Every structure is written in C-alpha cells, then in structure tokens.
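For this chain, numbers begin at 1 and follow the sequence in order. The analysis underlying the following values was restricted to heavy atoms, covering all of them including side chains, and did not include hydrogens, waters or symmetry mates.
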Amino acid sequence: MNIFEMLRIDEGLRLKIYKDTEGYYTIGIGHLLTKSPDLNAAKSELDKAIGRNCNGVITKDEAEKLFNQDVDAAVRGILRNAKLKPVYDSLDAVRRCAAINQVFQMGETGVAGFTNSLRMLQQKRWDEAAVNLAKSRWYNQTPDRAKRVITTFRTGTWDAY
Ligand SMILES: CCc1ccccc1
C-alpha cells in the first residue's frame, strides 16, 4: 500500500464525467472539474486540464496523469500551509498518507475546521484524535471512507485497506 493505491481505492476510476458524492462534476480518479451545475462548464475545465477537446471522455493514461498531478499538489499544499506542515512533518509515513487522503477529498478549506484534531495528531494522542476526527460533517457524509482514513490515523497501519 501507498498513497496512490489508497486513493485509487477510495476514489475509484471512471473515464467519463460523473458527479462526486457532493454532486459535483468529476472525472478519472476523483479529479474535481468544477462546482458549477453547468455540464458545459465542466467539459471546458476538462478540456483545459487535458489539453484537447475531450467531449467529456478521457483515457486511463490521462486519468492517471491528472491523479499524479492532484496527489502532488495536495501534499505540496500541505507543506505550504503553516498550520498543516508541522503536524504533517510530525507524522510517520503511513499517517502522512491519511493526511494526504483527507486533504485530497476535502481541500485545505475543508481542513480548516480540523484544528483540534490536528493538535491531537501532533500530540500522538491517537485514540482521542480518531474520536475527534469523526465528530465532523466529513465522517457523517462519507462514513465508510472516513472510517478507513481515521483507522489509518489511529493505528499507523494499512489494516483498513
Ligand atoms: C486534517 C488532515 C491533516 C492531518 C494531518 C496533517 C495535515 C492534514
């Protein structure tokens, strides 16, 4: 297991535009295109991201290229965020994957609400952090995925995957 295999499990792979769990146009391995309800706006974002007129459809190689970019940008964003970087750097490699996964799903904006969880993670109070992480819209809206990510934060193992 590694971050790519983990997010591939959690996000799936679809080669045509689909709506994500929040109703937003997406493609590939969880590549969010736009929050606009206009499918044409989503198709334009797709064409811009791929560099050709895709008509709403991409190849597996193209999906994997977006995924590489999206994972890279997620972790680099963690490092550029002064609140997240010290917590991330305090973690072991497996728990770092849980952090990348959560940021990939929620963005750094959705992560702004996790201040108290972040402190418990940096303190290595793992069971307490896991309880706190689950007191969230995130957990309630995607409980099976959040349970996997939380178990990864709690244990530092890949047991949930
Ligand atoms: C809130 C997700 C997270 C956890 C640890 C470090 C960075 C980001």
Side-chain angles (χ1 to χ4, degrees), residues 1-81 84-85 87-88 91-114 117 121 130 133-134 136-161:
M1 291 294 329
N2 56 58
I3 182 59
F4 290 91
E5 294 187 12
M6 184 202 201
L7 275 164
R8 173 63 182 80
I9 285 162
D10 285 335
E11 297 290 351
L13 167 66
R14 297 179 77 176
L15 301 182
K16 301 179 301 304
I17 293 177
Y18 65 98
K19 289 180 183 181
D20 73 9
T21 66
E22 298 289 342
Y24 297 137
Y25 293 121
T26 300
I27 198 161
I29 306 167
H31 180 81
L32 174 66
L33 290 166
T34 180
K35 295 186 197 305
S36 165
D38 187 353
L39 176 61
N40 291 327
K43 288 174 168 183
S44 183
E45 291 298 312
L46 178 59
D47 295 348
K48 180 161 57 76
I50 301 295
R52 65 180 183 87
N53 191 310
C54 297
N55 197 19
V57 182
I58 63 176
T59 67
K60 186 181 181 74
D61 288 356
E62 290 167 341
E64 291 172 343
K65 183 169 189 175
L66 295 183
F67 186 41
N68 282 324
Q69 294 176 348
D70 290 345
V71 170
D72 186 8
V75 66
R76 194 69 174 271
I78 289 171
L79 298 184
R80 291 186 189 289
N81 187 315
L84 304 180
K85 182 186 186 184
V87 184
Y88 183 83
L91 298 170
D92 58 278
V94 177
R95 293 186 171 91
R96 283 179 182 168
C97 292
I100 298 167
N101 190 309
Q102 192 174 347
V103 168
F104 187 107
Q105 186 185 353
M106 302 189 77
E108 292 180 31
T109 290
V111 155
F114 285 80
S117 305
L121 291 169
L133 283 161
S136 60
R137 180 179 187 276
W138 171 53
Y139 179 90
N140 281 280
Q141 302 298 312
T142 52
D144 289 335
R145 179 192 183 156
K147 283 172 185 174
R148 292 193 287 277
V149 176
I150 291 170
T151 287
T152 309
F153 275 130
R154 186 180 45 88
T155 66
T157 75
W158 291 114
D159 289 2
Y161 289 86

Enter the distance from [X]:[atom1] to [Y]:[atom2] here, rounded to the nearest 0.5 Å.
| X | Y | atom1 | atom2 | answer |
| --- | --- | --- | --- | --- |
| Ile29 | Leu13 | CD1 | CG | 5.0 Å |
| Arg52 | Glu62 | CZ | CD | 4.0 Å |
| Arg95 | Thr157 | CZ | OG1 | 8.5 Å |
| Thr26 | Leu46 | OG1 | CG | 11.0 Å |
| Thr151 | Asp159 | OG1 | CG | 8.5 Å |
| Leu15 | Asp61 | CG | CG | 10.0 Å |

Please lay out, stage by stage, how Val149 and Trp138 fare under the test side chain to side chain contact (heavy atoms under 4.5 Å, CB included). CA-CA 11 Å; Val149 176; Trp138 171 53; 3.9 Å; yes
Taking distance alone, no hydrogens or angles, what donor-acceptor pairs closer than 3.5 Å link side-chain atoms of residues 74-81 to residues at least two apart or in another chain?
from: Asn81; atom 1: OD1; to: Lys83; atom 2: N; distance (Å): 2.9
from: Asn81; atom 1: OD1; to: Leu84; atom 2: N; distance (Å): 3.4
from: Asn81; atom 1: ND2; to: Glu108; atom 2: OE1; distance (Å): 3.0

Do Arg148 side-chain atoms and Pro143 backbone N/O form a donor-acceptor pair below 3.5 Å?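 No; zero donor-acceptor contacts below 3.5 Å.
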Under the 3.5 angstrom rule, does the side chain of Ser44 hit a backbone N or O of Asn40 as a donor-acceptor pair?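 Such a contact is absent between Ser44 side chain and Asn40 backbone.
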Side chain to side chain contact (heavy atoms under 4.5 Å, CB included), that's the test. Do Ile100 and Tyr88 meet it? Break it down for me. CA-CA 9 Å; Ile100 298 167; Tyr88 183 83; 3.6 Å; yes
Mind running side chain to side chain contact (heavy atoms under 4.5 Å, CB included) on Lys65 and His31 for me, showing each step along the way? CA-CA 10 Å; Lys65 183 169 189 175; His31 180 81; over 6 Å; no
Does the distance from a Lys or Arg side-chain N to an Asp or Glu carboxylate O, for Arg8 and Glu64, drop under 4.0 Å?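 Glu64 and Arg8: not salt-bridged.
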Would you say that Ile50 contacts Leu66 through its side chain, given a criterion of any heavy-atom pair below 4.5 Å between the two side chains?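 A side-chain contact exists here, since the closest heavy-atom pair is under 4.5 Å.
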Is there side-chain contact between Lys19 and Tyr24, with heavy atoms separated by less than 4.5 Å?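 Of all side-chain heavy-atom pairs linking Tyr24 with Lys19, none is under 4.5 Å.
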Pairs where residues 1-20 contributes a residue and the test ring pair (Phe, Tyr, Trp, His ring centres under 6.0 Å) is met, not counting sequence neighbours: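 Every ring pair (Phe, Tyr, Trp, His ring centres under 6.0 Å) pair that includes a residue of residues 1-20, provided the two are not neighbours, is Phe4-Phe67.
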Checking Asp20 now: which residues fulfil side chain to side chain donor-acceptor pair (under 3.5 Å) with it, not counting sequence neighbours?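 Scan of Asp20 (side chain to side chain donor-acceptor pair (under 3.5 Å), adjacent residues dropped) gives none.
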Can you give me the closest heavy-atom contact between [X] and [Y], atom names plus distance?
| X | Y | answer |
| --- | --- | --- |
| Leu133 | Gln102 | CD2-OE1, 4.0 Å |
| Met1 | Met6 | CE-N, 3.5 Å |
| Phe104 | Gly30 | CE2-O, 3.7 Å |
| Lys43 | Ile17 | CG-CD1, 3.8 Å |
| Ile3 | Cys97 | CD1-O, 3.4 Å |
| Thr34 | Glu45 | CB-CG, 4.3 Å |

So, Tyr161 versus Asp10: side-chain donor-acceptor pair below 3.5 Å or not?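 Short answer, yes.
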Please indicate whether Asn68 has more than 12 foreign heavy atoms, meaning atoms of other residues, nucleotides or ligands, lying under 6.0 Å from its CG.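 Yes, because the 6.0 Å sphere around CG of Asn68 holds more than 12 heavy atoms from other groups.
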